[PDB]
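Numbering (my numbering), first residue to last: 21 to 116. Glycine included, every Cβ here is placed at the ideal spot set by N, Cα and C.
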Amino acid sequence: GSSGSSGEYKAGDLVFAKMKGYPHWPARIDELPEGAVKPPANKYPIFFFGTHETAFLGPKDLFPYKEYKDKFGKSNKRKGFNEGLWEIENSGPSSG
Numbered sequence: 021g022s023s024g025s026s027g028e029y030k031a032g033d034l035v036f037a038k039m040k041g042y043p044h045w046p047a048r049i050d051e052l053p054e055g056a057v058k059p060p061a062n063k064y065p066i067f068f069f070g071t072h073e074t075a076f077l078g079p080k081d082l083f084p085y086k087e088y089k090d091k092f093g094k095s096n097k098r099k100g101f102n103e104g105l106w107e108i109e110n111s112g113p114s115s116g
């Protein structure tokens, strides 16, 4: 139990990622390997589930999964999207 809003996302959290004209895509906060691209400060390695794509977004383009899980986490059927909506549910702490 740890006071602080701490609205700045961390690896292993889950989010919705909105690209320009795509849905609120199911995505995860990942971490960075010991040798890949350096993003700009504030941004995160967002991994887009069901398409497995990688882009850099900052927190304003992004939404906390548990706040939008039922709002945005719904069957948008874009191809990949039903996979990623399964992948994200089954990625996160569930049943425990």
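One Cα belongs to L105, the other to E73, and the distance between them is close to 14 Å. At the C-beta level, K99 and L77 stay beyond 8 Å of one another. In the DSSP assignment, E73 falls outside any alpha helix (DSSP H) and lies within the beta strand (DSSP E) extending over 73–77. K38 carries a strand assignment under DSSP once its states are collapsed to helix, strand and coil.
Classified as exposed, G41 has fewer than 16 neighbouring CB atoms from the shown chains inside 10 Å of its CB. The residues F69, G104, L105, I108, in chain order, have a CB closer than 6 Å to that of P46 in the same chain once the five nearest residues on each side in sequence are set aside. With respect to the 8 Å criterion, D50 and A37 are not classified as neighbours on the basis of their beta carbons. A distance below 8 Å separates the beta carbons of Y88 and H44.
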